[PDB]
């Protein structure tokens, strides 16, 4: 199995009321927040701190997430977040995350693709082996492919809402927290849709960075699905018609 011998770093996290939505379940923003928390803690423990990575003239940037949701963590549940830098090729790193309950049953499974961005030239460079080696990552030629989100196009029922990038959207690394894109994406859908649908799967592709003070336009299409008791939502986050993030979500329709 790819990355079987890579380190599996884990930690426990109590899901707070403020990390949940009105149904008492953790939000997508929270799911990514805790996934990245485990990854940063693994990295810090190996001496791969944000300051140490930045001292090599580079920075890690996530390009894609593929999320399989069995059930979202509940309010006051102590979940286990496990993370693994499973693999890498010259330009891409493949990182996996597991969110499990106290018994170890899988709640969410996240796969991701990360690139190494040069702090000076602002372009993708080869992965510095000293910044991946500590994770015990498996070297590969072909990095695993994550399913691309639906290329967003306008429809007759397209929901559009503006959102301004706030000061609190910028986390300690001086860039916008990617997790906050879900605040905009999910809020585009009406409360009625959100209260009678559960998350099944999410495909995310980060295309262009959104910066402080910019106004993003979040677009959403509620589309039909071939799978029974399911619906698909196609989303786009853009600034001045430049595509920043594309997301496709598979939901399951609740009975009542």
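Positions refer to the first chain, counted from 1.
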{"query": "Residue stretch of maximal mean CA temperature factor, 69-77 vs 123-131", "finding": "123-131"}
{"query": "Average Cα temperature factor in the PDB entry - higher stretch of 26-34, 222-230", "finding": "222-230"}
{"query": "Deposited CA B-factor, highest of 173, 155, 111, 106", "finding": "173"}
{"query": "Residue of maximum C-alpha B factor among 102, 116, 83, 87, per deposited coordinates", "finding": "116"}
{"query": "Where the record places residue 239 (Cα B-factor, split into thirds across the chain)", "finding": "highest"}
{"query": "Among modelled residues of the same chain, the CA temperature factor third for residue 4", "finding": "middle"}
{"query": "Among modelled residues of the same chain, the CA temperature factor third for residue 141", "finding": "highest"}
{"query": "Residue 199, C-alpha B-factor rank within chain (lowest, middle or highest third)", "finding": "middle"}
{"query": "Chain-relative CA temperature factor third for residue 43", "finding": "lowest"}
